[PDB]
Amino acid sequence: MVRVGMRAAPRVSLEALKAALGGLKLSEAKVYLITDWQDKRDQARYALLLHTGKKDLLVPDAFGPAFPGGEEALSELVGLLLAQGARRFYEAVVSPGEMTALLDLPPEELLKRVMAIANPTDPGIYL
């Protein structure tokens, strides 16, 4: 599993994701948005675990209203994945104090953990 982007860096991480993704089609992919339990969606941050079915990619918590330019970057990120054909989105919620620890878990463990707690989500909520 590859890891691109950096924590709290919306624009740089979106560009790194675009570079790794290229023109890859994602019709059969599963997109997991990993967020922290906060009071409102306006203070939320998001990490990305993109499971294509043939390879996985992880971007740390760099998106969302928690960061300046993050709300726009989250909308553009969801847009980019939809543009490439992605259809299945999910959300996994973790405690604020455990997000980093979660993202550092071995590839196999992270994927298992995320799929275990994620719920299907409507991508429109992130726009």
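Residue numbers run from 1 along the displayed sequence.
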{"property": "Between the two ranges 59-67 and 35-43, the one averaging a larger CA B factor in the entry", "result": "35-43"}
{"property": "Higher-B stretch (mean Cα B-factor, as the entry records it), 15-23 or 99-107", "result": "99-107"}
{"property": "CA B-factor ranking of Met6, expressed as a third of its chain", "result": "middle"}
{"property": "Entry-reported Cα temperature factor of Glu91, expressed as the chain third it lands in", "result": "lowest"}
{"property": "Record-listed C-alpha B factor of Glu28: chain third", "result": "highest"}
